[PDB]
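See structure below.
What follows is calculated from the coordinates using simple rules that are stated; it is not laboratory data. FYI the Cβ positions are ideal-geometry reconstructions off the backbone, even for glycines, and counts take in every protein chain you see.
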C-alpha cells in the first residue's frame, strides 16, 4: 500500500516481483499453519519483504541491506527446520529463499539469467 507514487523508476522490474511474492504468500489473509514457531517465519519474512519494496521504490536498498536481510530471514528458517517437518517447512523455505531471489540485485529477464 504505497503512498501514491509516480511509479517505480530504478529497480522497478524487481519490485513487481516482491509484489507477487506476498500476493501468493500471505499469513491469515490466505492460509495459516497451526504451527506457532514455524509460522513465526512466514509472518516475519512476509513483513520483511514489504520493506524491500518501499526501499527499492526510493532506491533505499543497498548491498548491505540485502546481505543483512539475507541473514535476518535465513536464520529464521530454523523455526521451521526446528519443529515443523520438511513438509511444513517446504512451504516456508520457498519464501525465505524466494525473497533472496527477488531482492538479489542481479534480477532481470530477456536474453538469459546469470
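Contact annotation: residue pairs with Cβ atoms under 6 Å, 6 or more positions apart or on different chains, pairing a residue in region 3-17 that is in contact (Cβ under 8 Å) with a residue 24 or more places away in the chain and on the phi > 0 side of the Ramachandran plot with a partner that is surrounded by 11 or more Cβ atoms within 10 Å (Cβ to Cβ) and not in a loop (DSSP other than H, G, I, E, B), are 11/56.
Got at least one residue in region 48-70 being farther than 23 Å from residue 10 by Cβ, in contact with a helix residue (DSSP H, G or I) (Cβ under 8 Å, 6 or more places away or on another chain) and assigned to a helix (DSSP H, G or I)? The answer is no, given that none of the residues of region 48-70 is farther than 23 Å from residue 10 by Cβ, in contact with a helix residue (DSSP H, G or I) (Cβ under 8 Å, 6 or more places away or on another chain) and assigned to a helix (DSSP H, G or I).
I'd like to know if region 50-67 contains one or more residues that are surrounded by 17 or more Cβ atoms within 10 Å (Cβ to Cβ), closer than 20 Å to residue 22 by Cβ, without any contact (Cβ under 8 Å) to a residue 24 or more places away in the chain and over 9 Å from the mean Cα position of the chain (by Cα). Yes: one or more hits. Out of the residues in region 79-103 that are in contact (Cβ under 8 Å) with a residue 40 or more places away in the chain and part of a loop (DSSP other than H, G, I, E, B), state the one that is nearest to the chain's Cα centre (by Cα). Among those that are in contact (Cβ under 8 Å) with a residue 40 or more places away in the chain and part of a loop (DSSP other than H, G, I, E, B), it is 84. What number of residues in region 1-42 are closer than 19 Å to residue 83 by Cβ, in contact with a helix residue (DSSP H, G or I) (Cβ under 8 Å, 6 or more places away or on another chain) and in a loop (DSSP other than H, G, I, E, B)? So the answer is 3.
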